[PDB]
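Notes follow the structure.
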Amino acid sequence: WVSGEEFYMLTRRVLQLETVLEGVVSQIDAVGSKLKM
Amino acid sequence: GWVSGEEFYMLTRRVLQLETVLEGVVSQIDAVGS
Amino acid sequence: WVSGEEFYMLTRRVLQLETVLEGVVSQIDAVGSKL
């Protein structure tokens, strides 16, 4: 009962979310360090 | 193959919640900078 | 069309984003608690 249109859409979305989250892990590691001052 | 549209619905929800939380953390981080 | 295995693979990718995310939340919440 599940089309390839929606499944593929969702996998693209998930992939974009992955790359965004790479950037964000970068920012949070940036912020955490240098949080000693 | 095994589809289970209800299952896909659950995953969609999960993705929406995850996007929401993500929005939230981008927020809290961006603010945290001094 | 259909999935089976493909759906599993996607769910594992989402599960991994969820976990990374939760790590980030722990972190930013700790820093937030350091005020």
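Going by the structure tokens order, chains are called A, B, ..., each with residues numbered from 1, while ligands are numbered from 1 in the order shown.
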
So that each row is one residue of chain A with an atom at most 9 Å from chain C, can you give its shortest atom pair and the distance in Å to one decimal, using only C-alpha atoms, rows by chain and rising number, as JSON lines?
```
{"residue": "A:1", "atom": "CA", "partner": "C:2", "partner_atom": "CA", "distance": 7.5}
{"residue": "A:2", "atom": "CA", "partner": "C:2", "partner_atom": "CA", "distance": 6.0}
{"residue": "A:3", "atom": "CA", "partner": "C:1", "partner_atom": "CA", "distance": 5.7}
{"residue": "A:4", "atom": "CA", "partner": "C:1", "partner_atom": "CA", "distance": 5.9}
{"residue": "A:7", "atom": "CA", "partner": "C:7", "partner_atom": "CA", "distance": 8.3}
{"residue": "A:10", "atom": "CA", "partner": "C:10", "partner_atom": "CA", "distance": 8.9}
{"residue": "A:11", "atom": "CA", "partner": "C:10", "partner_atom": "CA", "distance": 6.9}
{"residue": "A:14", "atom": "CA", "partner": "C:14", "partner_atom": "CA", "distance": 7.1}
{"residue": "A:15", "atom": "CA", "partner": "C:13", "partner_atom": "CA", "distance": 8.9}
{"residue": "A:17", "atom": "CA", "partner": "C:17", "partner_atom": "CA", "distance": 8.1}
{"residue": "A:18", "atom": "CA", "partner": "C:17", "partner_atom": "CA", "distance": 6.8}
{"residue": "A:21", "atom": "CA", "partner": "C:21", "partner_atom": "CA", "distance": 7.7}
{"residue": "A:24", "atom": "CA", "partner": "C:24", "partner_atom": "CA", "distance": 8.3}
{"residue": "A:25", "atom": "CA", "partner": "C:24", "partner_atom": "CA", "distance": 6.8}
{"residue": "A:28", "atom": "CA", "partner": "C:24", "partner_atom": "CA", "distance": 7.0}
{"residue": "A:29", "atom": "CA", "partner": "C:27", "partner_atom": "CA", "distance": 8.9}
{"residue": "A:31", "atom": "CA", "partner": "C:31", "partner_atom": "CA", "distance": 8.6}
{"residue": "A:32", "atom": "CA", "partner": "C:31", "partner_atom": "CA", "distance": 6.9}
{"residue": "A:35", "atom": "CA", "partner": "C:31", "partner_atom": "CA", "distance": 7.7}
```

Those residues you just picked out, can you put them in a file as a PDB file, in the first residue's frame with N, CA and C atoms?
```pdb
ATOM      1  N   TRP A   1       0.806  -1.216   0.000  1.00  0.00           N
ATOM      2  CA  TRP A   1       0.000   0.000   0.000  1.00  0.00           C
ATOM      3  C   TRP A   1       0.848   1.279   0.000  1.00  0.00           C
ATOM      4  N   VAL A   2       2.163   1.147  -0.188  1.00  0.00           N
ATOM      5  CA  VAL A   2       3.060   2.318  -0.160  1.00  0.00           C
ATOM      6  C   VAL A   2       3.852   2.603  -1.457  1.00  0.00           C
ATOM      7  N   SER A   3       3.572   3.764  -2.050  1.00  0.00           N
ATOM      8  CA  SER A   3       4.145   4.161  -3.332  1.00  0.00           C
ATOM      9  C   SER A   3       5.639   4.453  -3.226  1.00  0.00           C
ATOM     10  N   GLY A   4       6.317   4.432  -4.368  1.00  0.00           N
ATOM     11  CA  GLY A   4       7.711   4.819  -4.425  1.00  0.00           C
ATOM     12  C   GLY A   4       7.894   6.320  -4.391  1.00  0.00           C
ATOM     13  N   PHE A   7       7.982   7.244  -0.611  1.00  0.00           N
ATOM     14  CA  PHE A   7       9.146   6.631   0.017  1.00  0.00           C
ATOM     15  C   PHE A   7      10.430   7.340  -0.409  1.00  0.00           C
ATOM     16  N   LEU A  10      10.612  10.772   1.113  1.00  0.00           N
ATOM     17  CA  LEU A  10      11.016  10.695   2.497  1.00  0.00           C
ATOM     18  C   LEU A  10      12.501  10.380   2.646  1.00  0.00           C
ATOM     19  N   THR A  11      13.055   9.573   1.739  1.00  0.00           N
ATOM     20  CA  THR A  11      14.482   9.287   1.860  1.00  0.00           C
ATOM     21  C   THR A  11      15.314  10.514   1.491  1.00  0.00           C
ATOM     22  N   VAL A  14      15.181  12.726   4.523  1.00  0.00           N
ATOM     23  CA  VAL A  14      16.071  12.213   5.553  1.00  0.00           C
ATOM     24  C   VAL A  14      17.533  12.516   5.240  1.00  0.00           C
ATOM     25  N   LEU A  15      17.916  12.386   3.968  1.00  0.00           N
ATOM     26  CA  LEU A  15      19.285  12.689   3.560  1.00  0.00           C
ATOM     27  C   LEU A  15      19.670  14.174   3.791  1.00  0.00           C
ATOM     28  N   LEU A  17      18.273  16.035   5.972  1.00  0.00           N
ATOM     29  CA  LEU A  17      18.325  16.205   7.410  1.00  0.00           C
ATOM     30  C   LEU A  17      19.671  15.738   7.937  1.00  0.00           C
ATOM     31  N   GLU A  18      20.188  14.647   7.394  1.00  0.00           N
ATOM     32  CA  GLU A  18      21.542  14.200   7.739  1.00  0.00           C
ATOM     33  C   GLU A  18      22.582  15.282   7.519  1.00  0.00           C
ATOM     34  N   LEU A  21      22.236  18.137   9.974  1.00  0.00           N
ATOM     35  CA  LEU A  21      22.714  17.647  11.266  1.00  0.00           C
ATOM     36  C   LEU A  21      24.245  17.512  11.376  1.00  0.00           C
ATOM     37  N   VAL A  24      25.194  20.931  12.213  1.00  0.00           N
ATOM     38  CA  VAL A  24      24.796  21.265  13.578  1.00  0.00           C
ATOM     39  C   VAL A  24      25.695  20.622  14.628  1.00  0.00           C
ATOM     40  N   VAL A  25      26.081  19.374  14.406  1.00  0.00           N
ATOM     41  CA  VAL A  25      27.044  18.747  15.295  1.00  0.00           C
ATOM     42  C   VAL A  25      28.325  19.580  15.283  1.00  0.00           C
ATOM     43  N   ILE A  28      27.636  22.704  17.563  1.00  0.00           N
ATOM     44  CA  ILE A  28      27.568  22.317  18.972  1.00  0.00           C
ATOM     45  C   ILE A  28      28.933  21.915  19.539  1.00  0.00           C
ATOM     46  N   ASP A  29      29.778  21.305  18.709  1.00  0.00           N
ATOM     47  CA  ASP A  29      31.158  21.050  19.112  1.00  0.00           C
ATOM     48  C   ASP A  29      31.956  22.362  19.165  1.00  0.00           C
ATOM     49  N   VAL A  31      30.658  25.279  19.960  1.00  0.00           N
ATOM     50  CA  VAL A  31      30.146  26.022  21.102  1.00  0.00           C
ATOM     51  C   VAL A  31      30.576  25.391  22.420  1.00  0.00           C
ATOM     52  N   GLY A  32      30.481  24.066  22.509  1.00  0.00           N
ATOM     53  CA  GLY A  32      30.871  23.360  23.717  1.00  0.00           C
ATOM     54  C   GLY A  32      32.310  23.655  24.106  1.00  0.00           C
ATOM     55  N   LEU A  35      33.629  26.865  25.638  1.00  0.00           N
ATOM     56  CA  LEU A  35      32.688  27.158  26.713  1.00  0.00           C
ATOM     57  C   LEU A  35      33.358  27.082  28.086  1.00  0.00           C
TER      58      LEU A  35
END
```

Picked from chain C by DSSP as alpha helix (DSSP H), as a ChimeraX atom specification = /C:5-33

May I ask you to extract the residues of chain B within 7 Å of chain C, using only C-alpha atoms, and to give them as number ranges by chain?
-> B: 1-3, 18, 25, 29

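Straight-line separation from atom CA of residue 6 of chain B to atom CA of residue 5 of chain A: 16.1 Å.
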
Given only C-alpha atoms as the counted atoms, nearest of A:27, A:8, A:16, A:36 to chain B | A:27

Which chain B residues are at most 8 Å from chain A (counting only C-alpha atoms), as number ranges by chain?
-> B: 3-5, 8, 12, 15, 19, 26, 29, 32-33
